[PDB]
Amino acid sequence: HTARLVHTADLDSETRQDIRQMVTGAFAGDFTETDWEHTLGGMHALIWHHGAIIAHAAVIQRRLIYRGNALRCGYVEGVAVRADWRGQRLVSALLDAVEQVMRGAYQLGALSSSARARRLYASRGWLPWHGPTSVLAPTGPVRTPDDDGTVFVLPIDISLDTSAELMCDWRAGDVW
C-alpha cells in the first residue's frame, strides 16, 4: 500500500538482487544490464508484501538542458510492478513516493514512457514532450529520434515550453 524510499547505498546485497531480479522479470527480458546501471545512484521507491519486493521505481539525478540551462532533474527508471500484483494501482503508490522526491529536491522530473503507459503518467500531471529530443554526446549535441514521443516531464518550480528542444546528458545504452 505505501512505498518506502531507500537510497542505493542503503540497499543490502540481498535487497539489491531482489530488486534487480524483480524488475528484470517484470520487463520480460527487455531490460539490459545498462538499463539496470541506470536505476542506480538515487532513491528507490519499494513496496514489499511479506518480505517480497512487489513494486519498484527509482529516481536518479541528472541534468536536462532546456533553453541553455542545465536543469536539476529527477529521472525515473525501472518502474515495475510484479506481474501477479498488477491492476491494484501499486504503481500509484510508487509514483507518490518518486514525485515527493521530485518536489523536495529537483526542478523537474522526467522519464521515458512506452506508448501504453502514457495514460498513467499523463493522468498524474506529467506532460508529453513534443519538441525534438537530443543528447549532449561527447562529440556535441546529437538528436535522439528513437526516443521522440516517449519523454514526459513533471515541472516543479517552472512553466516549460514543451515544444522547445530538450537535451539529456550522456550515458551508455539508452540515453533516455
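Each residue number is its position in the shown sequence, starting from 1.
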State which stretch shows the higher mean Cα B factor in the entry: 156-164 or 9-17. 9-17
Mean Cα B factor from the PDB record: higher for 62-70, or higher for 109-117? 109-117
Which listed residue, 48, 126, 36, 129, has the largest C-alpha temperature factor in the record? 48
Residue 95 - which third its CA temperature factor falls in, relative to the rest of the chain: middle
Residue 57 - which third its CA temperature factor falls in, relative to the rest of the chain: middle
Where the record places residue 149 (Cα B-factor, split into thirds across the chain): middle
Pull the Cα B-factor of residue 43 out of the PDB entry and bin it into the chain's lowest, middle or highest third. lowest
